[PDB]
Amino acid sequence: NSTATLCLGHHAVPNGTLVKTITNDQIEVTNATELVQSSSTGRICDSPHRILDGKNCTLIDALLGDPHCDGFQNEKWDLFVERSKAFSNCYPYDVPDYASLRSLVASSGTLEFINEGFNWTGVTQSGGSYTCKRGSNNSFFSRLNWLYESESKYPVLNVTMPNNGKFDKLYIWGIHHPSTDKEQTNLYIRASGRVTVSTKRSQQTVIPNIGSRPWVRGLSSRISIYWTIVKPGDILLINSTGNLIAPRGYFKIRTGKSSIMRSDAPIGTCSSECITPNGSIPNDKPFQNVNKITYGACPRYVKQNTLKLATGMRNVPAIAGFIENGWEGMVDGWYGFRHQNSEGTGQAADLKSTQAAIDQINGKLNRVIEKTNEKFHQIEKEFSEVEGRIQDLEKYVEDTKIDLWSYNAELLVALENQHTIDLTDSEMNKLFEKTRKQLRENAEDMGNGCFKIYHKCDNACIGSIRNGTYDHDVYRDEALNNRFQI
Amino acid sequence: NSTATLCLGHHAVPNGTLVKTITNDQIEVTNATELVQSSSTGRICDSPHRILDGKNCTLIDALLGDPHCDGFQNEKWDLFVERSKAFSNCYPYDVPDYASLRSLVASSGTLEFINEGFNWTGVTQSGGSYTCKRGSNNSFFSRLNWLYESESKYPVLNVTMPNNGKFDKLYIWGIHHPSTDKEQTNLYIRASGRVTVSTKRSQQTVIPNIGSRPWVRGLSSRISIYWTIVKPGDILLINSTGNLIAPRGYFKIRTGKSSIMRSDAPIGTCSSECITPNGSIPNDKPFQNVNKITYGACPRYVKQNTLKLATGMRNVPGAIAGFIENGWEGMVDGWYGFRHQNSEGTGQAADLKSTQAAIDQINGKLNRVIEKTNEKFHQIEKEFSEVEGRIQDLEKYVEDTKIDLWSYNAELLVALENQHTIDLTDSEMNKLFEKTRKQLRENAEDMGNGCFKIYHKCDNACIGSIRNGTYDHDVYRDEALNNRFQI
Amino acid sequence: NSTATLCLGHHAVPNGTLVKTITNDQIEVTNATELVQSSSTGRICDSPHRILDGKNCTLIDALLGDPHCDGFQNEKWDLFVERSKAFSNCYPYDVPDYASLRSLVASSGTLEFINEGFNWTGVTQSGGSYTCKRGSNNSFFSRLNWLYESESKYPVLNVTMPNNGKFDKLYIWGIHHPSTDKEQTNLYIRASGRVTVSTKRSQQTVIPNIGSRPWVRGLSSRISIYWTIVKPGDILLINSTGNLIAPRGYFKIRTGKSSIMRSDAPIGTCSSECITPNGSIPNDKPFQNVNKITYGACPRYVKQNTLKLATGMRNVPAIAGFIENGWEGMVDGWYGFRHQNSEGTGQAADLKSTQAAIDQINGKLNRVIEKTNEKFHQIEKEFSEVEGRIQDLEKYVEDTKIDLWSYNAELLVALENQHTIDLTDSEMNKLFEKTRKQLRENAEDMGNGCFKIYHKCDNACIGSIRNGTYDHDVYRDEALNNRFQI
Ligand SMILES: *[C@@H]1O[C@H](CO)[C@@H](O[C@@H]2O[C@H](CO)[C@@H](O[C@@H]3O[C@H](CO)[C@@H](O)[C@H](O)[C@@H]3O)[C@H](O)[C@H]2NC(C)=O)[C@H](O)[C@H]1NC(C)=O
Ligand SMILES: *[C@@H]1O[C@H](CO)[C@@H](O[C@@H]2O[C@H](CO)[C@@H](O[C@@H]3O[C@H](CO)[C@@H](O)[C@H](O)[C@@H]3O)[C@H](O)[C@H]2NC(C)=O)[C@H](O)[C@H]1NC(C)=O
Ligand SMILES: *[C@@H]1O[C@H](CO)[C@@H](O[C@@H]2O[C@H](CO)[C@@H](O[C@@H]3O[C@H](CO)[C@@H](O)[C@H](O)[C@@H]3O)[C@H](O)[C@H]2NC(C)=O)[C@H](O)[C@H]1NC(C)=O
Ligand SMILES: *[C@@H]1O[C@H](CO)[C@@H](O[C@@H]2O[C@H](CO)[C@@H](O[C@@H]3O[C@H](CO)[C@@H](O)[C@H](O)[C@@H]3O)[C@H](O)[C@H]2NC(C)=O)[C@H](O)[C@H]1NC(C)=O
Ligand SMILES: *[C@@H]1O[C@H](CO)[C@@H](O[C@@H]2O[C@H](CO)[C@@H](O[C@@H]3O[C@H](CO)[C@@H](O)[C@H](O)[C@@H]3O)[C@H](O)[C@H]2NC(C)=O)[C@H](O)[C@H]1NC(C)=O
Ligand SMILES: *[C@@H]1O[C@H](CO)[C@@H](O[C@@H]2O[C@H](CO)[C@@H](O[C@@H]3O[C@H](CO)[C@@H](O)[C@H](O)[C@@H]3O)[C@H](O)[C@H]2NC(C)=O)[C@H](O)[C@H]1NC(C)=O
Ligand SMILES: *[C@@H]1O[C@H](CO)[C@@H](O[C@@H]2O[C@H](CO)[C@@H](O[C@@H]3O[C@H](CO)[C@@H](O)[C@H](O)[C@@H]3O)[C@H](O)[C@H]2NC(C)=O)[C@H](O)[C@H]1NC(C)=O
Ligand SMILES: *[C@@H]1O[C@H](CO)[C@@H](O[C@@H]2O[C@H](CO)[C@@H](O)[C@H](O)[C@H]2NC(C)=O)[C@H](O)[C@H]1NC(C)=O
Ligand SMILES: *[C@@H]1O[C@H](CO)[C@@H](O[C@@H]2O[C@H](CO)[C@@H](O)[C@H](O)[C@H]2NC(C)=O)[C@H](O)[C@H]1NC(C)=O
Ligand SMILES: *[C@@H]1O[C@H](CO)[C@@H](O[C@@H]2O[C@H](CO)[C@@H](O)[C@H](O)[C@H]2NC(C)=O)[C@H](O)[C@H]1NC(C)=O
Ligand SMILES: *[C@@H]1O[C@H](CO)[C@@H](O[C@@H]2O[C@H](CO)[C@@H](O)[C@H](O)[C@H]2NC(C)=O)[C@H](O)[C@H]1NC(C)=O
Ligand SMILES: *[C@@H]1O[C@H](CO)[C@@H](O[C@@H]2O[C@H](CO)[C@@H](O)[C@H](O)[C@H]2NC(C)=O)[C@H](O)[C@H]1NC(C)=O
Ligand SMILES: *[C@@H]1O[C@H](CO)[C@@H](O[C@@H]2O[C@H](CO)[C@@H](O)[C@H](O)[C@H]2NC(C)=O)[C@H](O)[C@H]1NC(C)=O
Ligand SMILES: *[C@@H]1O[C@H](CO)[C@@H](O[C@@H]2O[C@H](CO)[C@@H](O)[C@H](O)[C@H]2NC(C)=O)[C@H](O)[C@H]1NC(C)=O
Ligand SMILES: *[C@@H]1O[C@H](CO)[C@@H](O)[C@H](O)[C@H]1NC(C)=O
Ligand SMILES: *[C@@H]1O[C@H](CO)[C@@H](O)[C@H](O)[C@H]1NC(C)=O
Ligand SMILES: *[C@@H]1O[C@H](CO)[C@@H](O)[C@H](O)[C@H]1NC(C)=O
Ligand SMILES: *[C@@H]1O[C@H](CO)[C@@H](O)[C@H](O)[C@H]1NC(C)=O
Ligand SMILES: *[C@@H]1O[C@H](CO)[C@@H](O)[C@H](O)[C@H]1NC(C)=O
Ligand SMILES: *[C@@H]1O[C@H](CO)[C@@H](O)[C@H](O)[C@H]1NC(C)=O
Ligand SMILES: *[C@@H]1O[C@H](CO)[C@@H](O)[C@H](O)[C@H]1NC(C)=O
Ligand SMILES: *[C@@H]1O[C@H](CO)[C@@H](O)[C@H](O)[C@H]1NC(C)=O
């Protein structure tokens with residue numbers, strides 16, 4: 001035979017993967033990678049973030065100084081983990097705007113407390129209760145000071161505490177709501193008391209409401225917790241005629257990246273930057289389906305449980321070229337040559353075109369994988385109580401956010417996959433045209449991805465075509481003689 | 001040395017449509033479809049959602065038990081429709097945080113009420129008023145209990161009601177603000193009263209303010225409405241020495257997909273999943289411009305009133321010529337096809353396979369644009385009757401931010417999709433041309449206008465063999481090479 | 001000698017610019033434009049928006065009528081600019097909902113005040129203080145009326161003011177908190193006063209708290225500011241037994257595009273639609289990095305400090321064609337021809353293909369640049385105090401928004417640049433194919449972007465190829481003779 005065949009082709013695999021594009025919902029590619037993190041280890045890694053396990057204590061109980069929370073005194077955290085088993089074991093209390101106090105302490109990230117010498121002359125300090133046992137002693141919240149009558153007298157208190165420092169001061173104080181009038185008059189001589197806590201710019205007044213309350217841990221009395229922030233150069237001024245649960249000092253309030261999370265996941269010895277209530281998750285992938293509640297450098301939450309990014313070309317199950325099919329038998333390259341000549345048949349991968357496609361697919365992998373982590377503060381996203389307007393707005397904000405990011409994730413994968421298909425198809429065409437330019441007038445396109453070479457073309461000659469060193473002039477006379485005969 | 005011409009082309013229409021792409025603001029295509037729902041029937045369909053027309057009653061008036069709202073007792077709804085003509089015809093009242101009470105009742109979706117036996121020994125029950133007529137006699141809110149003196153005595157009430165069930169209880173109660181001291185002392189012996197309603201985790205104390213308020217429906221007194229939710233295992237405790245408007249029981253409070261909408265649109269007999277204050281709208285399209293207030297499975301609201309998605313190729317208005325120059329208005333039975341000119345005359349034939357390939361891809365993207373579409377969650381309020389400050393600004397800002405982002409998404413999506421449709425329909429034309437040139441081998445030359453000069457005798461059957469893909473170039477190669485390569 | 005060479009090419013520049021695409025993080029193009037506004041002039045332009053410089057006055061002090069703010073009476077604004085140097089110099093006061101009042105007045109855009117004749121029979125009007133000097137005399141807030149005892153009597157007030165107009169009325173009023181019981185009884189006979197301000201649909205009751213507050217400008221007393229909006233057809237009813245700081249009328253409350261901004265930037269005589277606290281910025285570009293706080297028609301805020309949009313093709317620094325190289329020596333076009341023939345060598349730009357590429361790039365420039373400005377009202381985005389739940393939600397919404405727009409901006413530039421690279425490559429190939437179709441059998445593709453023309457091809461013949469009027473039949477006999485020799 002005075003001719004040879006040179007076919008251009010691409011590889012194929014027996015186990016393709018379905019992905020989505022702009023055109024079709026399901027197209028098979030040779031390989032893909034998952035972009036949605038859907039699994040967790042189940043453990044909260046104690047590195048690199050400072051994790052603080054609240055165990056039996058809520059953050060507020062550790063703030064007030066519930067006795068079984070004494071170990072939390074002056075503690076700091078990057079992430080405070082509140083357990084569902086936590087409980088209160090001191091004086092029954094409520095906190096108006098509980099969520100806001102819990103949030104502002106959590107964000108501050110410290111329970112550092114500085115005692116201050118308040119001048120409570122005329123009243124008895126450190127009132128206790130059998131409902132707040134600390135060891136063998138009736139006691140009280142470690143950071144609050146229960147004031148009451150001294151010598152059957154409760155003089156009007158007018159006590160000041162200036163902030164001469166360079167930091168903000170967080171003062172926690174309260175008001176005692178006795179259950180009976182006798183109880184009211186025994187502790188505070190008057191049948192009713194008043195508290196005004198003021199600064200240069202603010203004032204807070206609260207009236208105790210004597211009366212029976214539903215029984216909670218052996219009492220029908222209550223304490224209401226309030227807070228006051230005193231800026232540097234401002235002054236705390238306390239006026240009371242009874243029922244004041246006084247502060248023993250202030251908490252340092254700092255600005256930082258700390259937060260709080262509800263979780264029953266065990267704390268483990270490992271390292272992971274992203275934390276969810278289900279446990280830590282890796283943050284290599286750009287999206288995650290584990291939990292919309294996150295802490296740290298985290299993939300963005302989406303509704304999809306899987307989004308596959310194509311990392312290879314379309315998978316397509318005498319000799320023939322790429323127009324017909326792909327080559328499962330080609331394992332050492334993505335594109336290559338098959339030939340038939342006087343020496344038989346052969347196959348060789350084209351490394352340069354293979355690397356050009358691989359470099360682009362790895363290129364888009366870096367862009368899709370590095371424009372990734374959400375890294376700012378998080379509102380609450382789960383609610384135990386029905387609250388109306390503001391809770392509705394929080395849910396609406398989070399739902400709007402998730403739908404937009406789910407849309408972004410869906411579009412990104414479809415656009416990226418369409419481009420991956422296009423670029424891998426383009427490399428095939430570029431190799432074919434490159435080969436056709438080499439052959440000049442010595443070959444004809446058979447239309448199936450193969451060239452009919454109109455001269456004797458041994459393996460070294462075929463190698464020169466794969467080489468880019470084929471000299472068409474050497475064979476032109478023979479080839480034109482074979483092509484243009486009658 | 002006879003020859004023939006075979007031209008490749010695509011169709012064109014006289015009435016094209018302008019669409020947008022990544023490049024141009026206006027490019028004419030053969031066909032397009034609208035993606036923004038911009039019209040409504042004006043009618044609220046009563047299916048498949050349970051619609052409840054409030055008619056003359058607000059949701060709160062039906063909750064409290066205004067006499068002309070008695071027909072709303074124990075009713076449920078998926079969507080409560082409040083009319084602008086609604087009015088109150090009972091005791092003048094106000095509700096601190098009205099919007100929150102209205103919202104949580106609306107979301108619960110039921111006015112189911114369970115009477116309970118409270119112990120009001122020592123006081124007179126069921127106080128009435130002439131401004132709240134029921135039938136012929138002075139009456140009051142059906143679900144509220146006006147307590148006052150018994151035998152010139154109002155003992156300190158200390159009444160309990162445990163929650164021993166497995167669901168939450170919503171208690172509606174109130175406080176009477178008399179206009180004069182005589183009124184205060186006649187009904188409630190002391191010159192001032194107190195109310196404390198508490199649970200294990202909450203307590204609410206409110207002080208009546210005796211005095212005249214502006215005249216409303218014949219009275220200068222007021223009732224202030226409050227509410228309390230009691231969890232299972234918790235206990236309601238009521239302590240009062242006067243002015244208490246007592247509850248007669250609790251409302252069931254549920255968690256579900258119910259809501260409330262202000263609208264004057266009539267309710268109709270039809271079926272439609274998306275409801276807006278303008279009426280029901282179809283939800284086939286991905287976007288809508290009718291109203292940012294929606295209920296049900298609805299297209300997403302965008303600022304654009306039209307977004308046209310290309311569903312055909314670019315529209316482009318004696319020898320024959322191919323696709324390079326123009327399109328073929330005379331081709332009606334296909335999108336791509338052939339024209340030939342040979343010894344037997346001229347002819348035209350559509351290529352069915354390549355036409356379907358284009359249509360299949362365009363229908364493919366039509367599905368993707370339409371299937372990832374409906375918003376399916378709860379909606380905050382988006383219109384406001386009073387100017388309120390911080391929280392209302394944030395609600396408006398959230399909604400404005402959302403709409404701008406979805407408007408951007410819709411604009412980009414249509415421009416990308418249209419660019420791809422133009423590109424794929426152009427590609428099908430080029431692939432059909434390349435497919436033909438591969439068949440002809442050395443028997444033809446590209447004339448540069450979308451046509452081939454075939455350098456051999458090429459009768460109608462021979463032309464048909466090229467369109468059919470069965471043309472054998474070897475049969476004609478000798479004749480063709482002789483015609484091509486002469487001096 | 002009896003042949004010619006015709007090469008197809010595109011231009012190149014020595015100083016390319018790096019942009020991003022879908023594939024690579026850094027690809028050099030001939031030209032690009034910046035999409036992120038990152039600089040400000042430092043000046044707030046007084047046009048075309050009505051700027052009102054508060055100078056020494058906060059908006060609230062101008063509202064109440066602090067004497068050194070008398071010049072702001074009845075003033076209007078599009079944007080009120082509050083300075084950090086502002087101060088109060090009247091009676092010490094607080095506003096329980098300061099931020100909300102400041103916001104609704106700012107949004108209304110006017111301090112227009114309508115005096116009304118209230119019936120204060122039985123009390124003395126226009127109470128003053130030495131802490132609020134107007135000229136040289138004890139005075140008070142210009143818009144408030146300090147009522148107190150007349151003839152050692154303070155009768156119970158029951159005063160009405162109906163709204164019979166067609167607009168809403170904003171009433172600003174207050175309550176006096178005396179520091180001692182002596183002040184309380186001297187001004188108001190009773191040891192305590194009560195105020196109820198009501199309408200058909202609302203009622204507000206407030207109790208003074210007698211007692212010492214921290215020293216502010218020589219006094220320990222306070223005024224608490226409250227407000228009431230009265231709709232058309234509604235009625236204001238004021239009931240007082242002491243301590244009432246009465247309104248002298250109402251402020252007009254309008255609905256419009258006005259707002260308030262904190263800034264120390266100087267106000268300028270210039271024109272700029274977009275204002276930031278750093279100063280006015282141009283709004284030609286679609287995005288900006290200057291400040292998330294904006295007023296007017298503004299580019300959207302993004303985290304990126306630069307986003308470069310390609311406005312030219314990839315930059316690729318005898319004769320050869322585009323397969324190898326770009327042509328830095330081609331300055332008058334984007335694509336063109338280089339030839340070698342019997343009359344010498346030459347270069348010519350192809351205007352049609354250059355304009356086709358430029359028109360597509362200018363076309364996408366309009367779409368990227370014209371659909372751009374945010375044109376609605378803005379929440380607060382910086383906070384002086386630590387506040388809890390609602391502030392967290394405000395921060396979270398703004399952070400969510402900025403990340404979404406930052407993502408949109410990144411994806412848009414990557415897609416646009418990929419398409420710009422692709423469309424400019426396509427124009428080069430289309431020009432090459434157009435030339436190849438013209439030449440028919442008279443030339444062969446040399447594989448480097450050049451044609452070998454197998455006939456004598458003078459300057460006029462080359463011109464006919466570039467003009468699209470080359471007649472291949474004229475030269476086909478000569479060309480076939482040179483090509484097909486054996
Ligand atoms: C329910 O709430 C009311 C309101 O706080 C509570 O009222 C208190 O009732 C006691 C009697 O039970 C009053 O004490 C009496 O005052 C007179 C005044 O002279 C005195 O002579 C009597 O010996 C007795 O001390 C008390 O003043 C009153 N407190 C207020 C603020 O009005 C009531 O106790 C609550 N009941 C329950 C069961 O919670
Ligand atoms: C006003 O009404 C409430 C409603 O009952 C009264 O509260 C009740 O007070 C008694 C004790 O005074 C509580 O009984 C306790 O029950 C536990 C359960 O085992 C038991 O261990 C204690 O030894 C004691 O028996 C009862 O729980 C409590 N009810 C609620 C709902 O908390 C209140 O005392 C009345 N106050 C008056 C009349 O002043
Ligand atoms: C404005 O609101 C005030 C605050 O409630 C109302 O004050 C009430 O005024 C009446 C007399 O004007 C007081 O009643 C009198 O009490 C004395 C006490 O010795 C008695 O001797 C008289 O026979 C008469 O009953 C009433 O106590 C007082 N309310 C309170 C809580 O102190 C006033 O009525 C309102 N004015 C309006 C709406 O015009
Ligand atoms: C405190 O002042 C208010 C208002 O200055 C007094 O309320 C007024 O009471 C009169 C008495 O009926 C109301 O008269 C009504 O006039 C309309 C006119 O159309 C008429 O249709 C009614 O049948 C009735 O006669 C008047 O509307 C009402 N004003 C308001 C704003 O509600 C109040 O009586 C004073 N309180 C004391 C204790 O003096
Ligand atoms: C502004 O408020 C004052 C006080 O609330 C109103 O003045 C009061 O007007 C009534 C009727 O004009 C007076 O009643 C008269 O009392 C005299 C005895 O002094 C009696 O001889 C008459 O037959 C009549 O009953 C009332 O005394 C008077 N009170 C005061 C303190 O002057 C005044 O009408 C209000 N202004 C307007 C425009 O409504
Ligand atoms: C702290 O705040 C309380 C109220 O929030 C202020 O209470 C007031 O205390 C004075 C005593 O300095 C009381 O005045 C006295 O009343 C007796 C009894 O009639 C009288 O005989 C005396 O001549 C003297 O006037 C005043 O009633 C009381 N206020 C109230 C509303 O009851 C206290 O002054 C504040 N202390 C400081 C240092 O700011
Ligand atoms: C309740 O306690 C407060 C806080 O200790 C007392 O306020 C203080 O009152 C004194 C008396 O005038 C103020 O002294 C003044 O200081 C200024 C600033 O240098 C000075 O220029 C004056 O000549 C005068 O000496 C002091 O500033 C003030 N402190 C605060 C924080 O307000 C108040 O006196 C007590 N209440 C009663 C009724 O005594
Ligand atoms: C399928 O594609 C993935 C992603 O490109 C390949 O996984 C990468 O493999 C290289 C070298 O083996 C690593 O350096 C990358 O970190 C891997 N990336 C990811 C996301 O895993 C994988 O090798 C391909 N072939 C398969 C899975 O058979
Ligand atoms: C991670 O944990 C959360 C809750 O801690 C899981 O969310 C619940 O999933 C169950 C699965 O049946 C649902 O029934 C609940 O309605 C979900 N609750 C909430 C509040 O979302 C979540 O499924 C976990 N992630 C997993 C298992 O991948
Ligand atoms: C809604 O309320 C209006 C106002 O009361 C009702 O219209 C009145 O209806 C009664 C009874 O038919 C007539 O006697 C009155 O003459 C009507 N007045 C006016 C001004 O129209 C209306 O019927 C109510 N409709 C419903 C469904 O409750
Ligand atoms: C549906 O009704 C709404 C109002 O319920 C219309 O929206 C308002 O229409 C008026 C009339 O032009 C405008 O002045 C308002 O500015 C519109 N408000 C908003 C938020 O858009 C809306 O145009 C109606 N749609 C149809 C199709 O009738
Ligand atoms: C690089 O591209 C920019 C943008 O296309 C060119 O700047 C434009 O120049 C025209 C004509 O002078 C102006 O009408 C446009 O307003 C300009 N646009 C922008 C965004 O500045 C610039 O000339 C190009 N540079 C080179 C060297 O070609
Ligand atoms: C803003 O207020 C400050 C402080 O009152 C002013 O500074 C005073 O300026 C005037 C002349 O400009 C002098 O009479 C005073 O001696 C300055 N210092 C003081 C009073 O401590 C400033 O001028 C005011 N600026 C404006 C624009 O009103
Ligand atoms: C515009 O002004 C803001 C604040 O006045 C600048 O942001 C601050 O920049 C400094 C560095 O100069 C940082 O230390 C602060 O932390 C920044 N604060 C905030 C809130 O961002 C901003 O850089 C200015 N931008 C321009 C273009 O002038
Ligand atoms: C197919 O199987 C091989 C080994 O059997 C594996 O390496 C490859 O990842 C698989 N392909 C895909 C797309 O998972
Ligand atoms: C938590 O409380 C339970 C029940 O009182 C107790 O058995 C357990 O030891 C506590 N754990 C810690 C860490 O305090
Ligand atoms: C505390 O205040 C009293 C005034 O009641 C004062 O006499 C005393 O010096 C102050 N300091 C003390 C007791 O250390
Ligand atoms: C291919 O090229 C190499 C050098 O690039 C040469 O050594 C070899 O002989 C050529 N022919 C083949 C490999 O058939
Ligand atoms: C235009 O497109 C729509 C939707 O793709 C299709 O239903 C309709 O039949 C098309 N019309 C023509 C004339 O092609
Ligand atoms: C209601 O409460 C009163 C309180 O004095 C009590 O005497 C009476 O027995 C109670 N009635 C019933 C039916 O339980
Ligand atoms: C294709 O169609 C033409 C016309 O009917 C005919 O000449 C030819 O043999 C057909 N070949 C097929 C269907 O394989
Ligand atoms: C096109 O330009 C060539 C350059 O020489 C010229 O020969 C020819 O006449 C021109 N034709 C037209 C139509 O401009």
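Hydrogens, waters and symmetry mates play no part in the numbers below; they use all other heavy atoms, side chains included. Just so it is clear: chains get the letters A, B, ... in the order the sequence lines come, proteins before strands, and each one is counted from 1. We count ligands from 1, going down the list as the structure has it; atoms in each ligand are counted the same way.
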Please report whether [atom] has a protein non-hydrogen atom at a separation of less than 4.0 Å.
atom                     : result
atom 14 (O) of ligand 12 : no
atom 11 (C) of ligand 12 : no
atom 7 (O) of ligand 12  : no
atom 27 (C) of ligand 12 : no
atom 24 (C) of ligand 12 : yes
atom 17 (C) of ligand 12 : no

| task | Could you find the nearest protein heavy atom to atom 19 (C) of ligand 12 and give me its residue, atom name and distance? | result | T33(C) OG1, 4.4 Å

| Which residue owns the protein heavy atom closest to atom 5 (O) of ligand 12, what's the atom, and how far is it? | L365(C) CD1, 3.4 Å

| Just checking, is any N or O donor in the side chain of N31(B) or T311(B) under 3.5 Å from an acceptor N or O on the other one? | yes

| message | Looking only at the side chains, is there a donor atom on one of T420(C) and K364(C) sitting less than 3.5 Å from an acceptor on the other? | response | yes

Please report whether the ring centroid of [Y] lies less than 6.0 Å from that of [X].
X       : Y       : result
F323(B) : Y336(B) : no
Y408(B) : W405(C) : yes
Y475(C) : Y454(C) : no

| query | Who's touching ligand 22 if we go heavy atoms under 4.0 Å? | reply | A460(C), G463(C), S464(C), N467(C), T469(C)

Is it the case that the side chain of [X] and the backbone of [Y] share a donor-acceptor pair, with hydrogens and angles ignored and the cut-off at 3.5 Å?
X       : Y       : result
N408(C) : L411(C) : no
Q26(B)  : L18(B)  : no
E445(B) : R440(C) : no
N283(B) : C274(B) : no
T372(C) : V368(C) : no
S272(B) : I281(B) : yes

| query | Any nitrogen or oxygen of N31(B), main chain or side chain, under 3.5 Å from a nitrogen or oxygen of ligand 19? | reply | yes

| remark: Numbered in order shown, the ligand 19 atoms found under 4.0 Å of a heavy atom of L366(B) are 5 (O)

| query | Going by the atom numbers of ligand 12, which of them fall below 4.0 Å from some non-hydrogen atom of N31(C)? | reply | 1 (C), 2 (O), 3 (C), 22 (C), 24 (C), 25 (N), 26 (C), 28 (O)

